[PDB]
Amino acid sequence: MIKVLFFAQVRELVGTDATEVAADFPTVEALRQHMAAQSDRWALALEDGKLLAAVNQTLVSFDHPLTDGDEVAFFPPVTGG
């Protein structure tokens, strides 16, 4: 399967820290669209123009391909330092 993690405001709005999805999506963007379509709260959390994505702990474009066993994360602009 594919494991999906959420952080900060995104985590708060989707209402869970982590979930699993079958490996039936060609890219990060296709997965994002599928998850946004689950509810009005999930759409608000995941349709933001500034949303960031990581695959296997590296920042990537939303066009990045997906593979069975990957860890994907969705989160807002960062504020460290």
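The first residue of the shown sequence is 1; numbering continues from there. What we label the rigid core is the largest C-alpha set whose atoms superpose within 1.5 Å from one form to the other.
Remark: when the other structures in 5 other deposited structures of this protein are fitted onto this one via the rigid core, 48-56 deviates more than the alternative among 34-42 and 48-56, judged by RMS CA distance.
Here the rigid core sets the fit, and in 5 other deposited structures of this protein the C-alphas of 70-78 stray farther than those of the other stretch, out of 4-12 and 70-78.
Higher mean CA B-factor, judged across 19-27 and 61-69 from the recorded values: 19-27. Averaged over CA atoms, B-factors in the entry run higher in 44-52 than in the other of 30-38 and 44-52. When the CA B factors of the chain's modelled residues are split into thirds, the value for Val78 lands in the lowest one.
In the deposited entry, the Cα temperature factor of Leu5 sits in the bottom third of values across the chain's modelled residues.
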